[PDB]
């Protein structure tokens, strides 16, 4: 338990319309059980800014999603294992990006919970690549 550290896993290659599950494991940091975070999933596509996708409150159950992914992605957690999952369904080619895990202060207010600037810790990233059907 030095400082908080996040590790993503589960990225890969899938054809449009397919599914993917990503996992983000948290280790270290203040391990007292009342230390809460907004955990939770960001993207960076080629040539665009880093954007938030989904977030979840590790001290409870509230979840929030970006417009671009509402309905298709779902975020969940196994609190005992400090793992936050992103279940990505009906994948489009534009979901291609490096996907990052990020932890923010548990007191973050509505509208900062899913903003990259208010994140304290970042993971290294796992790449997600989605093929067009038009890629014969």
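Numbering follows the first chain given and starts at 1.
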{"property": "Given 17-25 and 124-132, the range whose Cα B-factors average higher in the PDB entry", "result": "124-132"}
{"property": "Of 100-108 and 49-57, the stretch whose C-alpha atoms average the higher B-factor in the entry", "result": "49-57"}
{"property": "Options 30, 95, 78, 90 - largest CA temperature factor per the record", "result": "95"}
{"property": "Candidate residues 36, 63, 44, 66, the one whose C-alpha B factor the record puts highest", "result": "44"}
{"property": "Residue 12 - Cα temperature factor, lowest/middle/highest third of chain", "result": "highest"}
